[PDB]
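Chemist: First the structure, which I've put down as structure tokens, then a few questions once you've had a look.
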Amino acid sequence: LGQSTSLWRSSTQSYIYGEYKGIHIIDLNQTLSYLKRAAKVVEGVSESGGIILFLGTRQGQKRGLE
Amino acid sequence: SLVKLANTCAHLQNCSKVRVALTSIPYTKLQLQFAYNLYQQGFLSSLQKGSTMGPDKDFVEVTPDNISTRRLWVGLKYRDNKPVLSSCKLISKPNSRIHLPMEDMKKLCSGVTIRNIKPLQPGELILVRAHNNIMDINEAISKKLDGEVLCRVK
Amino acid sequence: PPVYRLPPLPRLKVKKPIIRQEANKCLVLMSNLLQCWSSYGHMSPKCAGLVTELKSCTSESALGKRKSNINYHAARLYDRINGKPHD
Amino acid sequence: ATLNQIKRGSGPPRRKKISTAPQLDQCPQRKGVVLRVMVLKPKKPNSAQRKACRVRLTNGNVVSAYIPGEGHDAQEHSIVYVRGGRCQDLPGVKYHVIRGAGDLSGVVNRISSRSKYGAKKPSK
Amino acid sequence: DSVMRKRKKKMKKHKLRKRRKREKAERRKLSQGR
Amino acid sequence: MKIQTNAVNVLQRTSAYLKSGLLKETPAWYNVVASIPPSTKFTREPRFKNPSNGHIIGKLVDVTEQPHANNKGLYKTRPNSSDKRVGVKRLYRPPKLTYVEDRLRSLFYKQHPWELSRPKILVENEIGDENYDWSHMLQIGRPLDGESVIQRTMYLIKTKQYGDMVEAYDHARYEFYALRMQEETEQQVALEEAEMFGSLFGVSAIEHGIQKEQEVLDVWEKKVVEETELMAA
RNA sequence: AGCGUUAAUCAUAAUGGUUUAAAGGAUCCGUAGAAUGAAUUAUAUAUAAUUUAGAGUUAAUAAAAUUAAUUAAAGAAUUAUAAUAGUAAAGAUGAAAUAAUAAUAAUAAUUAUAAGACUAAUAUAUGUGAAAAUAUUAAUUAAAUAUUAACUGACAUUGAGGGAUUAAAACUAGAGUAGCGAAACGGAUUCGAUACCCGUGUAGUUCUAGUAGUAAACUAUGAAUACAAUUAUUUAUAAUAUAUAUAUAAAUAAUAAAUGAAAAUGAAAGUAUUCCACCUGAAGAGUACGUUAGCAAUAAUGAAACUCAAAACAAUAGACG
RNA sequence: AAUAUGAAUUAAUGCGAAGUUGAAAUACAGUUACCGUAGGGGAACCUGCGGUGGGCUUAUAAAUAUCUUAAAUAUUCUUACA
Ligand SMILES: [Mg+2]
Ligand SMILES: [Mg+2]
Ligand SMILES: [Mg+2]
Ligand SMILES: [Mg+2]
Ligand SMILES: [Mg+2]
Ligand SMILES: [Mg+2]
Ligand SMILES: [Mg+2]
Ligand SMILES: [Mg+2]
Ligand SMILES: [Mg+2]
Ligand SMILES: [Mg+2]
Ligand SMILES: [Mg+2]
Ligand SMILES: [Mg+2]
Ligand SMILES: [Mg+2]
Ligand SMILES: [Mg+2]
Ligand SMILES: [Mg+2]
Ligand SMILES: [Mg+2]
Ligand SMILES: [Mg+2]
Ligand SMILES: [Mg+2]
Ligand SMILES: [Mg+2]
Ligand SMILES: [Mg+2]
Ligand SMILES: [Mg+2]
Ligand SMILES: [Mg+2]
Ligand SMILES: [Mg+2]
Ligand SMILES: [Mg+2]
Ligand SMILES: [Mg+2]
Ligand SMILES: [Mg+2]
Ligand SMILES: [Mg+2]
Ligand SMILES: [Mg+2]
Ligand SMILES: [Mg+2]
Ligand SMILES: [Mg+2]
Ligand SMILES: [Mg+2]
Ligand SMILES: [Mg+2]
Ligand SMILES: [Mg+2]
Ligand SMILES: [Mg+2]
Ligand SMILES: [Mg+2]
């Protein structure tokens with residue numbers, strides 16, 4: 001579930017699958033591949049003993065972030 | 001025509017600026033040749049005939065029934081957050097059309113400003129029309145063709 | 001209907017926000033007394049309890065009892081509520 | 001700025017130079033006769049009393065010439081040679097009397113920059 | 001032209017108009033018969 | 001917003017630093033980022049199918065591909081105005097996803113307003129785990145609702161038991177109704193049983209509603225009296 | 001064995017610009033252009049034969065009632081005159097006076113005649129017009145939108161010179177003249193007040209026929225074509241199974257990119273191509289002289305000498321009101 | 001006929017000098033300023049007519065808002081359960 005049809009940054013066009021219910025819908029195979037790539041880099045820096053920093057300013061996010 | 005060629009160049013530049021992948025061009029012979037030359041040098045990823053609405057999957061023969069709606073679809077090319085086809089300045093403009101002999105073209109290739117043309121650059125391509133056939137300027141020199149210096153891509 | 005979109009503004013705020021508090025009890029009593037005295041002559045005993053009530057109200061001070069956060073919200077939610085296009 | 005416009009007379013404004021000394025008539029000096037010899041008040045803000053003079057050149061046209069040096073020797077008829085300098089603080093005087101030559105004598109007890117005035121080498 | 005710059009031009013135009021008004025009889029005399 | 005060069009070219013910028021000697025020691029991330037490169041190819045990619053329908057985006061119907069006469073009996077012999085315009089924006093703007101089921105859903109809730117009052121949990125359980133045979137309506141993980149009807153209609157359409165869509169929909173509706181009636185009867189009889197065997201319910205639904213109304217009324221009354229007093233004075 | 005200086009020459013930025021700094025013609029029309037301008041094939045930039053995508057023509061079907069010119073109507077008020085009854089002030093202003101104000105009986109009120117000139121709401125100048133312009137009603141004649149069908153086959157773009165239209169003021173005739181109102185006269189204001197305010201109020205404003213061809217004639221932005229990322233508004237077109245959610249265009253408003261001295265421009269002030277106009281420091285000067293045109297005022301054309309290292313724009317932070 | 005020089009007298013303009021008369025412009029510059037034009041005035045200027053913003057887009061409320069298992073159930077959960 002992407003943002004909205006009227007709040008569209010067209011920079012993000014490649015990622016979006018189609019629109020429905022007045023909302024852009026994010027291509028989820030793409031999402032998956034990017035997530036995997038992200039997950040791998042996260043794993044790598046942890047393996048190397050790097051400092052990972054999780055930044056999440058929204059209301060409910062704190063506990064899961066911690 | 002040369003005005004058309006300039007317009008297509010401008011369109012290509014615009015498309016490079018905003019990072020579109022696949023771009024339409026008018027369906028003429030000169031234009032097609034130009035597109036083919038770009039493809040072979042390596043500026044376009046794809047080149048294919050098609051409708052005004054999109055590129056064609058199967059072959060469709062072009063006739064008076066189609067011709068007005070026909071179009072030349074062209075894939076653009078990017079690498080390491082930088083577009084391959086940066087520029088498409090033409091040299092022979094409609095008002096001041098320039099036609100060089102082989103010697104002048106050689107000089108241009110070897111770093112000599114001629115007829116107010118900046119001589120051709122490291123990763124550049126000057127296209128040259130010679131008897132209604134667009135070529136690279138180096139190719140034209142090799143074949144020894146006195147021709148119209150068409151345009152310049154970088 | 002005809003919607004009206006504003007341009008980008010520096011700061012959405014109402015110049016003066018009205019609270020709309022209730023009118024004073026003592027003042028009301030005084031008005032009632034005045035109304036009564038318009039009728040019934042100057043000071044007849046129909047308004048005998050009303051005057052007493054007024055006196056009770058206005059014993060310590062002339063009035064009995066002595067803000068709306070609307071700007072803070074507008075200020076908070078302007079950037080959200082805009083239909084301002086992306087950066 | 002269109003190509004056609006350029007062809008029928010258009011381009012960058014060629015600039016080299018304009019004549020600083022028109023009355024001199026394209027030559028290094030001209031001989032003249034002093035008419036009167038003045039003391040001019042300069043422009044604001046600098047102030048002094050500038051020993052200018054009026055000179056009728058041999059070509060005919062009359063000129064307000066500056067006279068440099070601490071002191072000078074110029075009458076109402078002296079033979080004087082004019083060159084194309086400009087006294088910057090005095091307005092309307094665009095010339096210098098060259099000082100070694102003519103009835104205008106070389107500036108006295110000049111040690112520095114002697115050729116700029118008339119001064120000969122003192123010769124021990 | 002800013003307004004300040006325009007004001008010099010305006011002043012010039014006014015002066016010119018004044019001059020023309022002054023030199024009406026003179027102009028008339030000059031014009032007729034020569 | 002311009003396409004930022006400096007967010008994805010991080011390792012190159014650090015590699016340069018390392019080469020120089022500005023950086024003595026390599027970062028922890030450096031090798032990892034080298035191994036797994038960023039995309040850095042921020043293109044607008046065109047799309048040729050609508051995924052929901054399966055309509056073709058790119059193609060144009062020709063004059064030769066339309067030989068027979070049009071509505072109002074005129075033969076197309078030329079390209080029209082729209083057939084000449086370069087429709088590139090359609091290839092790039094993302095497709096509006098359309099489903100036949102949406103119309104059926106809309107119809108159902110028009111026909112059955114009070115089905116809207118049945119609360120709907122939208123928080124999904126594992127979408128992959130489910131496995132519904134729409135031979136029947138009553139699935140296990142799924143509740144009974146208009147959705148189930150619609151799924152049944154779609155199944156019927158697929159199987160060609162009812163070739164027409166409308167008939168299949170009607171059939172599904174009729175299947176639903178019986179189930180609903182059965183559900184209704186179950187609850188009432190359960191309530192009756194409870195009443196018989198000396199069960200005690202402290203607050204019934206109607207009683208609760210009345211209580212809820214009462215507080216509101218009390219609030220209104222005091223306010224209303226004050227307003228009347230204000231009006232008087 | 002010259003060094004200074006003066007007088008000269010060459011180099012030292014157009015690998016420029018014109019919303020706001022010099023600089024877009026008031027607007028369109030259109031001639032020349034030794035200006036530019038579609039498609040395919042074949043000839044030895046041209047010819048030839050084919051194309052229809054530009055540009056047109058005529059229908060059909062939808063819409064729209066606007067802009068010209070002309071003719072015929074409507075309306076609220078205003079002033080003037082007269083009558084009625086009625087009583088001492090009225091009108092004006094910051095406050096006052098002067099005046100065709102009023103004890104010759106006004107002003108206010110109610111009637112009744114006439115005269116001009118204006119057009120409340122709707123209204124957004126939305127829209128329409130080439131631009132000037134253009135909103136009381138009607139009629140006439142002219143021109144106008146979109147989509148289809150058919151036809152023409154590059155017939156196009158721009159446009160020096162040229163041509164036509166061109167607000168307000170002004171002028172020449174002949175009507176008209178209520179209100180307003182340069183000038184003039186008078187009353188105030190003020191140290192003064194050739195003003196700002198008030199009163200009489202002539203030219204003028206109005207019509208008919210002309211002259212003239214300028215304005216901050218401004219979007220301070222010449223015209224045309226191809227192209228480029230979004231959103232929201234309306235407007236029209238088509239389909240949808242008449243009221244829905246869709247596809248198109250068109251405009252308007254926010255922006256992305258890009259451009260830009262920045263302010264900001266935003267489908268142009270972006271990317272490109274074509275054509276025309278215009279600019280090359282400030283003063284002197286749109287002046288003088290000359291010429292052409294005009295009944296005239298004037299309009300166009302348009303120098304130089306003399307004198308400076310100034311002069312100008314965007315933005316910044318103050319001080320100030 | 002054209003060109004050049006001279007001319008009593010006369011006009012414009014420049015530069016210097018900062019004298020006199022006002023105080024027109026810049027802020028709401030104390031009557032909004034400027035364009036065109038006409039009339040008037042010692043001088044800046046004033047006034048009529050239309051135009052322009054390079055002056056007012058400097059734009060910023062008439063106020064009230066709702067019912068389902070409040071917990072032995074949610075809140076706890078560290079690759080467990082299934
Ligand atoms: Mg020295
Ligand atoms: Mg010496
Ligand atoms: Mg200018
Ligand atoms: Mg040069
Ligand atoms: Mg213009
Ligand atoms: Mg102009
Ligand atoms: Mg034209
Ligand atoms: Mg126009
Ligand atoms: Mg009106
Ligand atoms: Mg007007
Ligand atoms: Mg007139
Ligand atoms: Mg007359
Ligand atoms: Mg008056
Ligand atoms: Mg005329
Ligand atoms: Mg004029
Ligand atoms: Mg003009
Ligand atoms: Mg106008
Ligand atoms: Mg930007
Ligand atoms: Mg540019
Ligand atoms: Mg610029
Ligand atoms: Mg803008
Ligand atoms: Mg002359
Ligand atoms: Mg003139
Ligand atoms: Mg003669
Ligand atoms: Mg003389
Ligand atoms: Mg004084
Ligand atoms: Mg004053
Ligand atoms: Mg003034
Ligand atoms: Mg004022
Ligand atoms: Mg003043
Ligand atoms: Mg003023
Ligand atoms: Mg006056
Ligand atoms: Mg005015
Ligand atoms: Mg101002
Ligand atoms: Mg402003």
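Naming works like this for the structure tokens: A, B, ... for the chains as they're shown, residue 1 at the start of each chain, ligands 1 onward in shown order.
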If we count only C-alpha atoms (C1' of nucleotides), which residues of chain D reach to within 8 Å of chain G? Please list them as a PyMOL selection string.

Modeler: chain D and resi 4+11-13+26-29+83-85+91-92+115-116

Chemist: Write the residues of the selection above to a file with C-alpha atoms, as a PDB file, in the first residue's frame.

Modeler:
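Written file, part_11.pdb:
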ATOM      1  CA  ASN D   4      20.681  36.934 -41.705  1.00  0.00           C
ATOM      2  CA  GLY D  11      28.139  42.036 -34.432  1.00  0.00           C
ATOM      3  CA  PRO D  12      30.229  42.913 -31.362  1.00  0.00           C
ATOM      4  CA  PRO D  13      31.008  46.635 -31.025  1.00  0.00           C
ATOM      5  CA  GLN D  26      47.187  63.151 -34.736  1.00  0.00           C
ATOM      6  CA  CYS D  27      50.726  64.191 -33.826  1.00  0.00           C
ATOM      7  CA  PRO D  28      52.923  64.031 -30.682  1.00  0.00           C
ATOM      8  CA  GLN D  29      53.290  67.760 -30.096  1.00  0.00           C
ATOM      9  CA  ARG D  83      51.460  67.506 -25.637  1.00  0.00           C
ATOM     10  CA  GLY D  84      48.409  65.294 -25.095  1.00  0.00           C
ATOM     11  CA  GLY D  85      48.262  64.642 -21.328  1.00  0.00           C
ATOM     12  CA  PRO D  91      37.857  70.016 -15.972  1.00  0.00           C
ATOM     13  CA  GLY D  92      38.141  71.174 -19.604  1.00  0.00           C
ATOM     14  CA  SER D 115      63.579  64.406 -18.170  1.00  0.00           C
ATOM     15  CA  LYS D 116      59.875  64.621 -17.242  1.00  0.00           C
TER      16      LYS D 116
END

Chemist: Using only C-alpha atoms (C1' of nucleotides) and all ligand atoms, what are the residues with an atom within 12 Å of ligand 18, set out as a list in words?

Modeler: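 The distance check yields residues 85, 86 and 87 of chain C; 1 and 2 of chain F; 229, 255, 256, 257, 258, 259, 260, 264, 265, 266 and 270 of chain G.
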
Chemist: Nearest to residue D:61: which of D:34, D:93, D:24, D:74 is it, counting only C-alpha atoms?

Modeler: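 Going through D:34, D:93, D:24, D:74 one by one, the smallest distance to residue D:61 is for D:24.
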
Chemist: Hey, which residues come within 12 Å of ligand 9 if we count only C-alpha atoms (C1' of nucleotides) and all ligand atoms? Could you give them as an NGL selection string?

Modeler: :G and (118-123 or 125 or 135-136)

Chemist: Could you give me, as a PyMOL selection string, the residues within 9 Å of residue B:67, counting only C-alpha atoms (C1' of nucleotides) and dropping anything in the same chain fewer than 5 positions from it?

Modeler: (chain B and resi 27+62) or (chain G and resi 39+51-53)

Chemist: Can you spit out the residues from that selection as a PDB file, in the first residue's frame, using N, CA and C atoms (P, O5', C5', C4', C3', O3' and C1' of nucleotides)?

Modeler:
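Output below, filename part_19.pdb:
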ATOM      1  N   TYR B  27       9.243   8.529 -37.804  1.00  0.00           N
ATOM      2  CA  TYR B  27       9.627   7.446 -38.709  1.00  0.00           C
ATOM      3  C   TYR B  27       9.936   7.987 -40.106  1.00  0.00           C
ATOM      4  N   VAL B  62       4.611  -1.142 -43.482  1.00  0.00           N
ATOM      5  CA  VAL B  62       4.235   0.266 -43.454  1.00  0.00           C
ATOM      6  C   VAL B  62       3.698   0.667 -44.827  1.00  0.00           C
TER       7      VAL B  62
ATOM      8  P     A G  39      11.248  14.822 -44.830  1.00  0.00           P
ATOM      9  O5'   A G  39      10.270  13.621 -45.195  1.00  0.00           O
ATOM     10  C5'   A G  39       9.561  12.923 -44.157  1.00  0.00           C
ATOM     11  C4'   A G  39       8.694  11.838 -44.744  1.00  0.00           C
ATOM     12  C3'   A G  39       9.333  10.993 -45.841  1.00  0.00           C
ATOM     13  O3'   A G  39      10.109   9.970 -45.237  1.00  0.00           O
ATOM     14  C1'   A G  39       7.182  11.685 -46.528  1.00  0.00           C
ATOM     15  P     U G  51      -0.602   7.933 -54.748  1.00  0.00           P
ATOM     16  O5'   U G  51      -0.266   7.825 -53.195  1.00  0.00           O
ATOM     17  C5'   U G  51       0.661   8.753 -52.619  1.00  0.00           C
ATOM     18  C4'   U G  51       1.031   8.391 -51.201  1.00  0.00           C
ATOM     19  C3'   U G  51       0.230   9.146 -50.150  1.00  0.00           C
ATOM     20  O3'   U G  51      -0.824   8.289 -49.719  1.00  0.00           O
ATOM     21  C1'   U G  51       2.531   9.645 -49.900  1.00  0.00           C
ATOM     22  P     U G  52      -2.265   8.888 -49.381  1.00  0.00           P
ATOM     23  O5'   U G  52      -1.975   9.781 -48.097  1.00  0.00           O
ATOM     24  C5'   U G  52      -1.559   9.157 -46.873  1.00  0.00           C
ATOM     25  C4'   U G  52      -1.130  10.199 -45.872  1.00  0.00           C
ATOM     26  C3'   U G  52      -2.256  11.038 -45.278  1.00  0.00           C
ATOM     27  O3'   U G  52      -1.997  11.193 -43.892  1.00  0.00           O
ATOM     28  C1'   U G  52      -0.641  12.459 -46.230  1.00  0.00           C
ATOM     29  P     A G  53      -3.196  11.302 -42.844  1.00  0.00           P
ATOM     30  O5'   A G  53      -2.579  12.232 -41.708  1.00  0.00           O
ATOM     31  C5'   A G  53      -1.790  13.392 -42.045  1.00  0.00           C
ATOM     32  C4'   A G  53      -0.840  13.723 -40.921  1.00  0.00           C
ATOM     33  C3'   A G  53      -0.152  15.089 -41.020  1.00  0.00           C
ATOM     34  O3'   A G  53      -0.123  15.724 -39.745  1.00  0.00           O
ATOM     35  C1'   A G  53       1.461  13.411 -40.722  1.00  0.00           C
TER      36        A G  53
END

Chemist: Taking only residues of chain G that have an atom at most 10 Å from an atom of ligand 11, what is each one's shortest atom pair and its distance in Å to one decimal, using only C-alpha atoms (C1' of nucleotides) and all ligand atoms, in chain and number order, as CSV?

Modeler:
residue,atom,partner,partner_atom_place_in_ligand_line,distance
G:168,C1',ligand 11,1 (Mg),8.4
G:169,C1',ligand 11,1 (Mg),7.0
G:170,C1',ligand 11,1 (Mg),6.8
G:171,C1',ligand 11,1 (Mg),8.6
G:204,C1',ligand 11,1 (Mg),8.1
G:205,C1',ligand 11,1 (Mg),8.1

Chemist: I want to know what sits within 12 Å of residue A:20, based on only C-alpha atoms (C1' of nucleotides), with residues of the same chain fewer than 5 positions away left out; could you give that as a ChimeraX atom specification?

Modeler: /A:1-5,25-26 /F:51-52,94-99,102

Chemist: Near chain B, which residues of chain D fall within 12 Å when you count only C-alpha atoms, and what do they look like as a ChimeraX atom specification?

Modeler: /D:2-4,7

Chemist: Output N, CA, C and O atoms for every residue in the selection just made, as a PDB file, in the first residue's frame.

Modeler:
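Output contents, as saved in out.pdb:
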ATOM      1  N   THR D   2      20.137  36.923 -35.388  1.00  0.00           N
ATOM      2  CA  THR D   2      19.966  35.866 -36.387  1.00  0.00           C
ATOM      3  C   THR D   2      21.080  35.964 -37.419  1.00  0.00           C
ATOM      4  O   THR D   2      21.713  37.009 -37.584  1.00  0.00           O
ATOM      5  N   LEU D   3      21.297  34.857 -38.114  1.00  0.00           N
ATOM      6  CA  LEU D   3      22.378  34.740 -39.086  1.00  0.00           C
ATOM      7  C   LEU D   3      22.249  35.755 -40.222  1.00  0.00           C
ATOM      8  O   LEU D   3      23.238  36.356 -40.650  1.00  0.00           O
ATOM      9  N   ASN D   4      21.017  35.926 -40.698  1.00  0.00           N
ATOM     10  CA  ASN D   4      20.681  36.934 -41.705  1.00  0.00           C
ATOM     11  C   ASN D   4      20.955  38.353 -41.222  1.00  0.00           C
ATOM     12  O   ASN D   4      21.521  39.164 -41.956  1.00  0.00           O
ATOM     13  N   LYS D   7      24.669  39.018 -41.136  1.00  0.00           N
ATOM     14  CA  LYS D   7      25.097  39.263 -42.520  1.00  0.00           C
ATOM     15  C   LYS D   7      24.865  40.702 -42.969  1.00  0.00           C
ATOM     16  O   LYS D   7      25.762  41.324 -43.544  1.00  0.00           O
TER      17      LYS D   7
END

Chemist: Taking only C-alpha atoms (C1' of nucleotides) and all ligand atoms into account, list the residues no farther than 8 Å from ligand 17, as a list in words.

Modeler: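 Those within range of ligand 17 are residues 132, 167, 217 and 218 of chain G; 51 of chain H.
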
Chemist: Restricted to N, CA and C atoms (P, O5', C5', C4', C3', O3' and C1' of nucleotides), what would the selected residues look like written as a PDB file, in the first residue's frame?

Modeler:
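Ended up saving to out.pdb:
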ATOM      1  P     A G 132      -5.312  45.194 -26.006  1.00  0.00           P
ATOM      2  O5'   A G 132      -5.189  46.656 -26.620  1.00  0.00           O
ATOM      3  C5'   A G 132      -5.999  47.715 -26.110  1.00  0.00           C
ATOM      4  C4'   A G 132      -5.961  48.922 -27.014  1.00  0.00           C
ATOM      5  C3'   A G 132      -7.227  49.772 -26.966  1.00  0.00           C
ATOM      6  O3'   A G 132      -7.135  50.716 -25.902  1.00  0.00           O
ATOM      7  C1'   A G 132      -6.809  49.139 -29.194  1.00  0.00           C
ATOM      8  P     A G 167      -8.488  54.541 -30.779  1.00  0.00           P
ATOM      9  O5'   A G 167      -8.648  54.721 -29.206  1.00  0.00           O
ATOM     10  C5'   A G 167      -9.456  53.802 -28.458  1.00  0.00           C
ATOM     11  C4'   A G 167      -9.061  53.809 -27.002  1.00  0.00           C
ATOM     12  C3'   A G 167      -9.253  55.120 -26.254  1.00  0.00           C
ATOM     13  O3'   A G 167     -10.620  55.388 -25.956  1.00  0.00           O
ATOM     14  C1'   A G 167      -7.186  54.153 -25.646  1.00  0.00           C
ATOM     15  P     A G 217      -0.220  51.194 -20.625  1.00  0.00           P
ATOM     16  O5'   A G 217       0.023  51.687 -22.119  1.00  0.00           O
ATOM     17  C5'   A G 217       0.859  50.956 -23.031  1.00  0.00           C
ATOM     18  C4'   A G 217       0.004  50.328 -24.100  1.00  0.00           C
ATOM     19  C3'   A G 217       0.704  49.316 -24.998  1.00  0.00           C
ATOM     20  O3'   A G 217       0.724  48.050 -24.350  1.00  0.00           O
ATOM     21  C1'   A G 217      -0.534  50.837 -26.326  1.00  0.00           C
ATOM     22  P     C G 218       1.672  46.875 -24.882  1.00  0.00           P
ATOM     23  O5'   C G 218       2.188  46.205 -23.532  1.00  0.00           O
ATOM     24  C5'   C G 218       1.839  44.861 -23.155  1.00  0.00           C
ATOM     25  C4'   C G 218       1.653  44.771 -21.658  1.00  0.00           C
ATOM     26  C3'   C G 218       0.461  45.538 -21.092  1.00  0.00           C
ATOM     27  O3'   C G 218      -0.174  44.815 -20.039  1.00  0.00           O
ATOM     28  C1'   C G 218       2.445  46.316 -20.084  1.00  0.00           C
TER      29        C G 218
ATOM     30  P     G H  51      -9.224  53.664 -17.443  1.00  0.00           P
ATOM     31  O5'   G H  51      -7.694  53.477 -17.828  1.00  0.00           O
ATOM     32  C5'   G H  51      -7.364  52.829 -19.062  1.00  0.00           C
ATOM     33  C4'   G H  51      -5.879  52.866 -19.292  1.00  0.00           C
ATOM     34  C3'   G H  51      -5.040  52.192 -18.227  1.00  0.00           C
ATOM     35  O3'   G H  51      -5.138  50.783 -18.402  1.00  0.00           O
ATOM     36  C1'   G H  51      -4.067  54.263 -18.785  1.00  0.00           C
TER      37        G H  51
END

Chemist: Give me, as number ranges by chain, the set of residues whose atoms come within 10 Å of any atom of ligand 15, counting only C-alpha atoms (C1' of nucleotides) and all ligand atoms.

Modeler: E: 13; G: 214-215, 298-299; H: 35-37

Chemist: Name the residues, by chain letter and number, that sit within 9 Å of ligand 33 using only C-alpha atoms (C1' of nucleotides) and all ligand atoms, and give them as a list in words.

Modeler: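 Protein and nucleic-acid residues within 9 Å of ligand 33: residues 34, 49, 50 and 51 of chain H.
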
Chemist: Keeping only N, CA and C atoms (P, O5', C5', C4', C3', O3' and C1' of nucleotides), take the residues you just selected and write them out as a PDB file, in the first residue's frame.

Modeler:
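File produced: result19.pdb:
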ATOM      1  P     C H  34       5.823  61.404 -10.036  1.00  0.00           P
ATOM      2  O5'   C H  34       6.270  60.060 -10.764  1.00  0.00           O
ATOM      3  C5'   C H  34       6.700  60.071 -12.134  1.00  0.00           C
ATOM      4  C4'   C H  34       6.263  58.817 -12.853  1.00  0.00           C
ATOM      5  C3'   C H  34       5.661  59.029 -14.230  1.00  0.00           C
ATOM      6  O3'   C H  34       6.632  59.358 -15.218  1.00  0.00           O
ATOM      7  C1'   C H  34       4.340  57.482 -13.053  1.00  0.00           C
ATOM      8  P     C H  49     -11.373  64.299 -14.291  1.00  0.00           P
ATOM      9  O5'   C H  49     -10.996  63.401 -15.550  1.00  0.00           O
ATOM     10  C5'   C H  49     -11.944  63.237 -16.616  1.00  0.00           C
ATOM     11  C4'   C H  49     -11.263  62.878 -17.915  1.00  0.00           C
ATOM     12  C3'   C H  49     -10.596  61.517 -17.994  1.00  0.00           C
ATOM     13  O3'   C H  49     -11.542  60.454 -18.059  1.00  0.00           O
ATOM     14  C1'   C H  49      -9.213  63.120 -19.027  1.00  0.00           C
ATOM     15  P     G H  50     -11.741  59.463 -16.808  1.00  0.00           P
ATOM     16  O5'   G H  50     -10.912  58.175 -17.242  1.00  0.00           O
ATOM     17  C5'   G H  50     -11.376  57.337 -18.316  1.00  0.00           C
ATOM     18  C4'   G H  50     -10.241  56.944 -19.232  1.00  0.00           C
ATOM     19  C3'   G H  50      -9.221  55.980 -18.660  1.00  0.00           C
ATOM     20  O3'   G H  50      -9.746  54.659 -18.580  1.00  0.00           O
ATOM     21  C1'   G H  50      -8.088  57.705 -19.790  1.00  0.00           C
ATOM     22  P     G H  51      -9.224  53.664 -17.443  1.00  0.00           P
ATOM     23  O5'   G H  51      -7.694  53.477 -17.828  1.00  0.00           O
ATOM     24  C5'   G H  51      -7.364  52.829 -19.062  1.00  0.00           C
ATOM     25  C4'   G H  51      -5.879  52.866 -19.292  1.00  0.00           C
ATOM     26  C3'   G H  51      -5.040  52.192 -18.227  1.00  0.00           C
ATOM     27  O3'   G H  51      -5.138  50.783 -18.402  1.00  0.00           O
ATOM     28  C1'   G H  51      -4.067  54.263 -18.785  1.00  0.00           C
TER      29        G H  51
END
